[PDB]
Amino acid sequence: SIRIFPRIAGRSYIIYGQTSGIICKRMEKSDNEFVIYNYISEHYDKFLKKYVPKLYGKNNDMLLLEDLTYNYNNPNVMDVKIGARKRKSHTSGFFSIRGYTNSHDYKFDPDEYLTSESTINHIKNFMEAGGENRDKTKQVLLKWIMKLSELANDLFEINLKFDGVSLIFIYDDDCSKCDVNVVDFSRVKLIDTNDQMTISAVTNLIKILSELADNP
């Protein structure tokens, strides 16, 4: 019957679709996530196509979403919250890592406030599954930098407050494939300017990933 999806973070009920390449995410409190997918579809379709998993449909309170992990033999996933948290400040100042594949092995704790040193170490821990080939992990980082730098650019022209949105970083163990996408629109709001807090989150990650890519 029901196969639970292996979430990295969050609190939402998420299951595999009965069909390949789909995940079903329950909207717990309101349909606001659906309203925001549809708004972005009508007002910023290009943003939706570049950065956001496909919404294929709705079944009562379930969103049918593209499984970002589907085309991977051995996916490693990191969830980084880049939008404002509800009440708390960010564990790494401009963003909060919420989890990653194998994080329990490094005693990662999502409640722990981190220094720059510990933040960088947790991202390094996440890259460990990618093996010893410096050149291949560096190509993963550069492709993430490529898409995040375009996202930061595009966000200047989008009049949404991306409260609670996450970045889902994915790379294959063999480092042949990687991506990053924006998920979780449940608390996103209309506003009459751009979201400088969320832009600062992305530019700060671009800065951290760039030092990792340039490390000797």
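Position 1 is the first residue in the sequence shown; the rest follow in order.
- Mean CA temperature factor is higher for 184-192 when stretches 150-158 and 184-192 are set side by side in the entry.
- Annotation for 127-135 versus 113-121: the higher mean temperature factor (C-alpha) is found in 127-135.
- Remark: of 165, 52, 65, 175, 175 shows the highest value [criterion: C-alpha B-factor in the PDB entry].
- When all modelled residues of the chain are sorted by CA temperature factor, residue 212 is found within the middle third.
- Remark: residue 72 belongs to the highest third of its chain, ranked by C-alpha B-factor as recorded.
- In the PDB entry, residue 28 places in the highest third of its chain by CA B-factor.
- Residue-level temperature factors show residue 18 in the highest third of its chain, judged at the C-alpha atom.
- Residue-level temperature factors show residue 12 in the highest third of its chain, judged at the C-alpha atom.
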